[PDB]
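Next come the chains, spelled out residue by residue.
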Amino acid sequence: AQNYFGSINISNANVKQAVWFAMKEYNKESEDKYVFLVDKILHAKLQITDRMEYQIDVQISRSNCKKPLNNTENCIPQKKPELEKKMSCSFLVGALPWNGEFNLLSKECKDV
Amino acid sequence: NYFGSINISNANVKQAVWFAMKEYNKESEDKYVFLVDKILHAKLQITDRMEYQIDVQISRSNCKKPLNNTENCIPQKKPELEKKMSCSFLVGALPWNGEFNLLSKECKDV
Amino acid sequence: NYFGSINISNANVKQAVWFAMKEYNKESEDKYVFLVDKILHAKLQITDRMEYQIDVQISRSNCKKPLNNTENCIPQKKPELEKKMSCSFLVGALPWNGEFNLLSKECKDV
Amino acid sequence: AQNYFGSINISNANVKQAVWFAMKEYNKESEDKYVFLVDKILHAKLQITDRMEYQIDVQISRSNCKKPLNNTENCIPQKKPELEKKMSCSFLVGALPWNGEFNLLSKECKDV
Ligand SMILES: [Cl-]
Ligand SMILES: [Cl-]
Ligand SMILES: [Cl-]
Ligand SMILES: [Cl-]
Ligand SMILES: [Cl-]
Ligand SMILES: [Cl-]
Ligand SMILES: [Cl-]
Ligand SMILES: [Cl-]
Ligand code: NA
Ligand code: NA
Ligand code: NA
Ligand code: NA
Ligand code: NA
Ligand code: NA
């Protein structure tokens, strides 16, 4: 049905910043002991209202990095089968990206 | 003229549309918010400022003004309130300084 | 050399052309403003500052200086005032810091 | 093995700023008499973690400009055979590019 969301390039620096922001907040809010990182950015859509709203679909996986990330470098996807975890997530990120203002409005993740 | 086509993908074109629609809705004598169906075309004229001439299709939403944020806005489904328009906006900017100004608006029913 | 071609679509090329043309017009003792017919080519060299060598076609407009708060500038239609040039500008910059300098200009008729 | 770095378009303005930053640091740290400049940016990968991490492959060459570019001569690749030198470099640049914050995390250059 009709809405005011339009597909947007995933190349866009603001989409990448929206994903950076969403994943920072996802990890802070999650009850998992491990950091999830981005396997792939799958799709992005933009709604223009009083703010910019990015609806972003990402594939994320459980890393071998324990929260909090701190200065840990080269986190890799879990290699232990019992800890391997892949999810498809949809994030709704509100922004005035020209003002560096981002807000995670909604999250939904499913196992894949 | 001195207008050249620019990509609608350009972050400053999207900010110019956001800015034009904020001013369109503030200035409108409507109960409802109009939102962007489609950005149709953009051209840029370079003078003492950047001027973006942007064509957009807008429609009346089911959201009453001022935009409340939490609500889900979609095009009107009620026949007497359905309204689609083709708009041309001229937005002046020094986008590197966060400065945008609506120079001109023109909307026609479609 | 260390100059590489870049897309004229790039936001920083458009800011570099804005800066070059503002300085070109400020330096010119013409009573009319010159605006860009087309941006032709654009190259970037990365040293201590970003350097953009941009090739543009410009023409004498029907607007006299200072540009008015309203804007209706088109190429001159009076034969004795018609003037088109191919220009090369070298713009040095830290575009993230709002720092631009017009290092060099070169213009040829038609 | 798996990691969280993904190839990105080298056209990206933040890749160009990352290379500007990396080359400034490369040249200040080098013991060469001459400035090295960029023949070509070859490839870029992005990891999104608590910061943006750019893994950038560049071809650099020894210029005819001696250090530190204070007389601002127009630099070209060396035309003297014994000074001609091309290298393939990998730079790892950590950044919050929306905040103008860049850090050179790693450099590695090889003759080609
Ligand atoms: Cl490392
Ligand atoms: Cl009404
Ligand atoms: Cl104005
Ligand atoms: Cl053009
Ligand atoms: Cl500065
Ligand atoms: Cl001239
Ligand atoms: Cl950093
Ligand atoms: Cl910072
Ligand atoms: Na922006
Ligand atoms: Na066109
Ligand atoms: Na203009
Ligand atoms: Na208009
Ligand atoms: Na390039
Ligand atoms: Na994190």
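Identification of chain A as Cystatin-8 from Mus musculus is taken from the PDB entry. For chain A, the Subcellular location comment in UniProt is given as "Secreted". One UniProt comment on chain A, placed under Sequence similarities, says "Belongs to the cystatin family."

Per the PDB entry, the recorded name for chain B is Cystatin-8, and the organism is Mus musculus. In its Subcellular location section, the UniProt record describing chain B reads: "Secreted".

**Student:** Help me out: how do you make sense of the sheet that holds strand β3 (residues 52-66) of chain D in this one?
**Tutor:** The pairing of strands in a sheet comes from backbone hydrogen bonds and takes either a parallel or an antiparallel form. Sheet architecture is open: 5 strands sit in the order β1-β2-β3-β4-β5 (chain D), paired in antiparallel fashion. The open sheet has two free edges, formed respectively by β1 (5-7) and β5 (101-111) of chain D, since each of these has just one partner strand. This sheet shows a mean twist of 35° between the axes of neighbouring strands, independent of strand direction. Summarising the sheet, strand β2 (residues 34-48) of chain D and β3(D) pair through 12 bridges and their orientation is antiparallel. Considered in β3(D), the bridge of D:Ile48 is made with D:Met52. Each of β2, β3 and β4 (86-96) of chain D touches helix α1 (residues 13-29) of chain A; the most contacted strand, β2(D), lies at about 55° to it. The strands that helix α1 (residues 13-29) of chain D touches are β2, β3, β4 and β5 of chain D; relative to β2(D), the one it contacts most, it runs at about 135°.

**Student:** In this structure, what is going on with the arrangement of the chains? I would like to understand it.
**Tutor:** There is no contact between chain A and chain C; across them, the least C-alpha separation is 12 Å. You won't find any contact between chain B and chain D; their C-alpha atoms come no closer than 12 Å.

Criteria and cut-off values
Residues numbered from 1 in each chain as written, not as in the entry; some residues may be left out. Chains lettered and ligands numbered in written order. Heavy atoms only, no water. Residues with missing side-chain atoms left out of burial classes, pairs and counts. UniProt positions renumbered as here; feature names shortened; annotations may be inferred. Pairing = 2+ DSSP bridges. Helix = DSSP H or I, 4+ residues; strand = E, 2+ residues; numbered from the N terminus. Axes fitted to C-alpha atoms, helices over the stretch in contact; angles between N-to-C directions. Contact = heavy atoms within 4.5 Å.

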